[PDB]
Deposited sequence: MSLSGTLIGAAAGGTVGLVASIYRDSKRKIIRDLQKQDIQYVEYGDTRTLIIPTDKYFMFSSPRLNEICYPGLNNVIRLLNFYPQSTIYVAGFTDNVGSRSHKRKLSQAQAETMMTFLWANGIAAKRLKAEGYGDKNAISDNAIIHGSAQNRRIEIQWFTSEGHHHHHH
């Protein structure tokens, strides 16, 4: 305790800042999910993104709370259309390279198989442009 006092308090603030930075954090059961609006976070140099986007920087800090969890990433530009699972798989890779480049063990990063039933798509939860173009980062924790 104390160094569990500081950690819990920090995490709550990171989550709140992410919220203000338009990044949603969804929690239910042992599932944790970050929903990133791709129209705001265009994303090549990890340096440009770290330096210019505080939100992406806050995503790293949060993922650093779970250094033992496998991090799953899903892409969804799945709004443009007709029959593009490609560009989705694509931006998912973009996020992964960014996460890796910024300290996340490559072994921990995994790309969600397209159409992965675990991905969130509920418009009751997803708000704004994220309903159309977005990236999701999901992991499982036993902190509860």
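Exercise. Write out the missing regions of the deposited sequence in sequence order, one range per stretch.
Key: Gaps in the modelled chain, taken against the deposited sequence, lie at 1 to 16, 60, 101 to 102, 164 to 169.
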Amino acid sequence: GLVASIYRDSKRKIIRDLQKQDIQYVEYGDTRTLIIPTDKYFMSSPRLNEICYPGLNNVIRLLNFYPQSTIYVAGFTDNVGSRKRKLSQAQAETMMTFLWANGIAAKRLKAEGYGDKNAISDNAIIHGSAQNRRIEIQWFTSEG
From here on, numbers count along this sequence of modelled residues.
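Self-check item: Higher-B stretch (mean Cα B-factor, as the entry records it), 50 to 58 or 98 to 106
Solution: Mean C-alpha B-factor is greater for 98 to 106.
Practice problem: State which stretch shows the higher mean Cα B factor in the entry: 134 to 142 or 4 to 12. | Solution: It is 4 to 12.
Quiz item: Reading the B-factor column of the entry, which of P37, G81, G29, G75 has the highest value at its C-alpha atom?
Solution: Result of the comparison over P37, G81, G29, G75: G81.
Self-check item: Relative C-alpha B-factor of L63, binned into the chain's lowest, middle or highest third
Solution: Tercile = lowest for this residue's CA B-factor.
Quiz item: What third of its chain's C-alpha B-factors does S44 belong to: lowest, middle or highest?
Solution: Within its chain, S44 is a highest-third residue by C-alpha B-factor, going by the deposited values.
Exercise. Would you please rank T33 by its C-alpha temperature factor against the other modelled residues of its chain and give the third it falls in: lowest, middle or highest?
Key: Bottom third by C-alpha B-factor.
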